[PDB]
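In the form deposited without the named molecule, a lone chain appears below as structure tokens.
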């Protein structure tokens, strides 16, 4: 289970020639979108910043501000996503999502639950540097209920480390979840927040299997039968992530492409934020769990230059 991405540092890189290339495309009458998507999808996020710095030092124009004006549509949303630095991306998505009573809970659920504690320690700091208040403070403001209490548990980024499997704790946690689920009629949601948010990944992977043999249900089936709403999605999101993170994002991409139409914001977020992390593992678990390739479903659910950059980001 080696994590590798689909986009690496382009060999033979020049900050200035690529800046001059992106200039002529946007300069003049109209655009040359194929010259932009080929450049951006074949350059790493670290290289994309050196081109942005050389673009401003050469012409005195903001490369990001010139892309929003020259482009539009779904192609505009994907291009600016690749431009945002990896250090700023996850905080940028949580920023624009956490806003208002119509807060998109899926973006909060997908990012906070599938990111390692070390990944979230950098997210909380970057959120406070670029923006005003704290990520945790802005979460509880536009959130409530047990769904809020689970979000801040994960935001603490203090999960137990992997350092051995405890048979005694595995059997008692599996019983405590059973003694808070099917047996305890109703639901004691606080017991699920403590176990699913604190214990180590290796410990919970063995609690999931020990819970199955003492109850008969998988840990995912008890969650849905007892919980509903955003709390049900948060519990299932951490469980699928603890089992395998690339397997969870592969599910988030699969269900974003079928329905009445394409969830373009979700497909852009996952394919970009993991393009240099574990996107190859995502498409590996994608051909395994759904009997089709990511390159195929993007081919038939997207159009124009917007699908060209998505397929180059996939890599055949």
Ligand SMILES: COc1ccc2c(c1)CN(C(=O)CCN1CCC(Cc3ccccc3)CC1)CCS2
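Residue numbers count along the first chain shown, from 1. Between two forms, the rigid core is defined as the largest C-alpha subset superposing within 1.5 Å.
Just so you know, the form deposited with the named molecule bound exists too; it's not on screen, but the next bit is about it.
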* Which among 126 to 134, 211 to 219, 241 to 249, 92 to 100 is in contact with the named molecule in the bound PDB entry, heavy atoms within 4.5 angstroms? -> 241 to 249
* Output flag, 3, 116 and 277 jointly within 4.5 Å of the named molecule in the bound PDB entry, heavy atom basis -> yes
* **Listed residue (74, 159, 84, 149) with a non-hydrogen atom within 4.5 angstroms of the named molecule in the bound PDB entry** => 159
* Heavy atom within 4.5 Å of the named molecule in the bound PDB entry: which of 165, 122, 201, 140 fits that? Just give me the one. => 201
* Though only this chain appears here, would residue 205 touch the named molecule in the bound PDB entry if you measure heavy atom gaps against 4.5 Å? -> yes
* **Residue showing a 2 Å-or-more C-alpha displacement between this form and the one not shown once the rigid core is overlaid, selected from 77, 124, 225, 95** => 225
* Displaced residue check between this form and the one not shown: residue 184, CA, 2 Å or over, core reference -> yes
* Asked: Where do residue 100 and residue 96 end up in the bound PDB entry, Cα atoms closer or farther than shown, with a change of 3 Å or more?
  -> closer
* Asked: Closer or farther apart in the bound PDB entry, the C-alpha atoms of residue 205 and residue 227, for a change of 3 Å or more?
  -> farther
